[PDB]
Amino acid sequence: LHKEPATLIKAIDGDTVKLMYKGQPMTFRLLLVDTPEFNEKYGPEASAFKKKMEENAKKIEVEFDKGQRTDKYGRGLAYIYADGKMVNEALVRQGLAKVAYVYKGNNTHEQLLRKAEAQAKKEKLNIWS
Ligand SMILES: Cc1cn([C@H]2C[C@H](OP(=O)(O)O)[C@@H](COP(=O)(O)O)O2)c(=O)[nH]c1=O
Ligand SMILES: [Ca+2]
C-alpha cells in the first residue's frame, strides 16, 4: 500500500470527510471503522476528534487498500493519515469508532485496528464505558 496526497476541503462527520484528491473534490469514507452518527451517543465527540486531527494536520494523505476504491455511494474508501498518524486507528484507539465493515480484499490494516480497539475496550474509553 502507498500514501498519496490530498488536501482537506471540509470536515463532515466521524468517518467521512471531503478531500481534494488528484485535484477533484471527493467524499472519503474511512476503511474498517464505524463511528456513531452525529445524532447518536459519542457521534459529536467522534466528529470533533476527526475534525481537529484533520484541520490541524500539515499534511493529509490517503492510502487505498488492494480492493474496491469507491463504494456504492461514490465515496472513496481509504486509510487517511494526518501528519503520518492514521485517523482510522486513532478513532478506534480512543473508543470513538468500532472496527466494522471488514470486507475481504480491503482489510490490510484489520489486525492493527483490532489491537487498538482491544486497548480502548480494556481502558473503558468512550463507547466502551
Ligand atoms: C466502510 C464501507 C462502507 N460501505 C457501505 C456499506 C453500508 O451500506 P448501507 O448504506 O447499505 O448500510 C454503508 C455504511 O456506511 P456508513 O456507516 O457511512 O453509513 O456503506 C462499503 O460498501 N464499503 C466500505 O468499506
Ligand atoms: Ca457511521
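Numbers attached to residues count from 1 within each chain as its sequence is written and can disagree with those in the entry; no residue without coordinates is shown. Chain labels run from A onward and ligand labels from 1 onward, assigned in the order the entries are written. Note that water and hydrogens are dropped before the side-chain values are worked out from all heavy atoms of the structure.

Trainee: Before we go on, may I ask you to explain unusual backbone geometry in this structure?
Mentor: Note: most peptide bonds trans; most residues except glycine with negative phi. Located in the positive-phi region is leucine 32, a residue other than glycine, with phi close to 70 degrees. The numbering of helices and of strands both runs from the N terminus, where a helix is a DSSP run of H or I of at least 4 residues and a strand a run of E of at least 2. You can see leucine 32 is positioned in the loop between β3 (24-30) and β4 (33-34). Burial classification: accessible surface area is computed with a 1.4 Å probe over protein chains only, and a residue below 20% of its type maximum counts as buried, one above 50% as exposed, and the rest as partly exposed. For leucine 32, a relative accessible area of 1% corresponds to the buried category. The phi torsion at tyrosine 42 lies on the positive side, around 70 degrees, for a residue other than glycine.

Trainee: What exactly am I supposed to notice about the UniProt feature "binding site: Ca(2+)" in the protein here?
Mentor: UniProt positions are given in the numbering used here, feature names are shortened, and annotations may be inferred rather than shown by experiment. Residues annotated by UniProt as "binding site: Ca(2+)" correspond here to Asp15, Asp34 and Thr35. Of the residues just listed, which span 21 residues, no C-alpha pair is farther apart than 6.8 Å, and they cluster in one region. Take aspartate 34: its relative accessible area is 28%, and that puts it in the partly exposed class. What makes two residues a contact is simply this: any of their non-hydrogen atoms within 4.5 Å. Sequence-distant contacts of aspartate 34, defined by excluding residues within four places in its chain, comprise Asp15, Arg29, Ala97, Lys98, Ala100 and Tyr101. Within the structure, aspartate 34 has its side chain in polar contact with the side chain of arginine 29 (distance 3.5 Å). Take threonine 35: it is sitting in the loop between β4 and α1 (43-56). Residue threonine 35 is classed as buried on the basis of its relative accessible area of 3%. Residues within four places of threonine 35 in sequence aside, it is in contact with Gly14, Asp15, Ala46, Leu91, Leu96 and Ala97. Definition of a polar contact: a pair of N or O atoms within 3.5 Å, with one able to donate and the other able to accept a hydrogen when the atoms are protein atoms, and with sequence-neighbouring residues admitted only if both atoms are side-chain atoms.

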